[PDB]
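For reference, the chain that follows is the form deposited in one PDB entry, supplied as structure tokens.
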């Protein structure tokens, strides 16, 4: 029978001794805050500035003794979010972030629900440009581990304690997909406490293990390099007397291998360690460069042939240099793709075992 306006100005009134600046149960045990997040959107992962953009529904549960009411019989009592000025919302800030803008569209995207015993549910929708450092030791295949850290500002560990939720940890939205990565099902909850000269502060973090998909990099980078190496193999069947043809074919394959290697590393930060694509493009470039060196040795042997022919064992030395120049081409035509196939299976199995070692060590 009681009207709701006096009831919802009674608990936050200045005739009441609420004092929203003062934390609950002052001069006592620390407040325990339970947090669960809901990943609404995850994406826009950029490697060159090492950050990613999430959309989260940050839900914070804490108990306030002064907020308890015994008049109304309903337990939930969902409230309007405009009177969220004097409730004592806890301070929370993300340790590694940029941006972090609120959503003010059509209303402030906020949820306030005060239970009968004093439990408060506080939900806010925020997009954060979270910055995570990434390791690029293996660029085509890799398991990145993005770190999201939630800690407090201005309340030490003896006054405010952040804890993860027990029923579930992180709720991902159904149907959420990433175009370039695959989000793993398990998520780590390791809370570490940062120490500062001012004091220690409560901090909880969650880790997402991101598997990079290998379907795009196989089409864009691995197959055109094989096309270039196969073309340099095609140069072996051409006639050895046709010098501009073989020289031009080999030179253009080396040039396009260099430009392809320079263009695949363009969308990447300037890291200072050797990656896997470096190894792949280096061995492919070495293969086309060795093909050009093989033709240069063949044409040098033919040069020695032509100088000793035109100005005495001349016939059998002509035979020896033509037979040797034919033997080099005949053994190269078999030896080049076989050693390339050997390198391919060795590289692929060692990266398969180091990828499985990364997924086993985690």
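Residue numbers count along the first chain shown, from 1.
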In at least a third of the other compared PDB entries, does residue 305 have no coordinates?
-> no
Does a third or more of the other compared entries skip modelling residue 56?
-> no
Missing from the model but present in the deposited sequence, between residue 311 and residue 312 | 10 or more
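The same protein also has a form deposited in another entry, omitted here; what follows describes it.
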Is residue 122 part of the same rigid unit as residue 299 when the chain is modelled as two bodies moving between the shown form and the other one?
-> no
Out of closer and farther, which fits the Cα atoms of residue 268 and residue 129 in that other deposited form compared with this form, where the change is 3 Å or more?
-> farther
